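Two forms, one protein chain; structure tokens for each follow separately as structure 1 and structure 2.
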Structure 1
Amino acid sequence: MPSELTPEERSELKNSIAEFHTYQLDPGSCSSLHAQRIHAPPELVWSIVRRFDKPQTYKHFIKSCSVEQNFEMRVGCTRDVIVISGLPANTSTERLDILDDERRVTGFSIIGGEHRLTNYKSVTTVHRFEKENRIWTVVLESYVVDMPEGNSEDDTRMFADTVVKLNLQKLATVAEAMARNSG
């Protein structure tokens, strides 16, 4: 029942963390890794996580997300996310960096607008677990960001940690709701 990963989960994710969630830090950057257990099939979770054009399905504070007219989801495509965690609303342009449907890995970079200066980059991976009868999922999300050059010069990285956590909670809630409509 503790939300923290078990030793078995942790062992099973080591290779994934090494491959996908380990960053080469530039001086004056930092990185963080979050995990969320989800009681729903990993295919269902991944179908949510992979939709680069619809982050608002599991993320908080999103006013809108717009993509190109005829949107084809591929590495290098961009989206504009308007967030209302700032008043007035801020626009960030994000690039899709990784999409592997076989291995269930996606990731993005903030390349313009608000927080461009941060060099924010994030990776999310979805993992299958099975024991006894039961199948469940663990999502890992990590990011790397520049540290602010100040004593409180918009040092917003605690807010980044906090919002990654809440977003993973929203993903769990949404995905678990959907799986109970399956049968």
Structure 2
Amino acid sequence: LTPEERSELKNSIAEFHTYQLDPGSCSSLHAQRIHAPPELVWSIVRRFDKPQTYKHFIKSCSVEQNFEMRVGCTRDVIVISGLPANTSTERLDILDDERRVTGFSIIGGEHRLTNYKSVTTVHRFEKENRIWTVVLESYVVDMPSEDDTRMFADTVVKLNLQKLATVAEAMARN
């Protein structure tokens, strides 16, 4: 992020990305610049039922019949093979279409990320005739080894933000 971007995001970081952090947990914040309109980036990332369309490592994701996307709905993720996780059950914790804030929590499954909770926010930037997006994503998770959990989780979040960027930029081509 540029100094101006960090300066303009300080409010959103305090509002949506601040945690009460204890030694038993680890947590981080990551950012991704996306050269696409924020309303487009948001339309992609808000689909709690289809994380495989903007994330890596998902073999399948199922939701219940007559699914309704609202707080408390869940998704059943099966991870691709060869990762430190097999399955994950996840709950939509907040969906704020007006402020472009969403977040989820892991509530079950076979994996090593107990009490994982994540928040994603999408931000509009405008300067001269330029319009672009920054996405912020933060998480908190139990810390079982200590540096490995953070290293693994950070790399996944970064790779997934990058995939979101490629999808939105593909859609935004004139």
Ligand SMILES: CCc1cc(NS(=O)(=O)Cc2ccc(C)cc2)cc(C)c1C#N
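Between two forms, the rigid core is the largest collection of C-alphas that superpose within 1.5 Å. For numbering, take structure 1's sequence and count from 1.
**Student:** Is the form solved without the named molecule structure 1 or structure 2?
**Tutor:** That would be structure 1, which is the form solved without the named molecule.
**Student:** Which of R157, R50, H60, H39 has its C-alpha displaced by 2 Å or more between structure 1 and structure 2 after core superposition?
**Tutor:** Result of the comparison: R157.
**Student:** Taking 2 Å as the cut-off, check whether the CA of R128 shifts that much or more between structure 1 and structure 2 after a rigid core fit.
**Tutor:** False for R128: its C-alpha shift is below 2 Å.
**Student:** Is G76 among the residues whose Cα moves by 2 Å or more between structure 1 and structure 2 after superposition of the rigid core?
**Tutor:** After core superposition, the displacement of the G76 C-alpha between structure 1 and structure 2 stays below 2 Å, so no.
**Student:** After a rigid core superposition, would you say the CA of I111 moves by 2 angstroms or more between structure 1 and structure 2, or not?
**Tutor:** Where the cores coincide, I111 shows only a C-alpha shift between structure 1 and structure 2 that is less than 2 Å.
**Student:** Once both forms sit on the same core, give the Cα displacement of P88 between structure 1 and structure 2 in angstrom.
**Tutor:** Comparing the two forms, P88 shifts 9.8 Å at C-alpha.
**Student:** If the core is used for the superposition, what shift in Å does the C-alpha of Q24 show between structure 1 and structure 2?
**Tutor:** Superposing on the rigid core gives a C-alpha shift of 1.1 Å for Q24.
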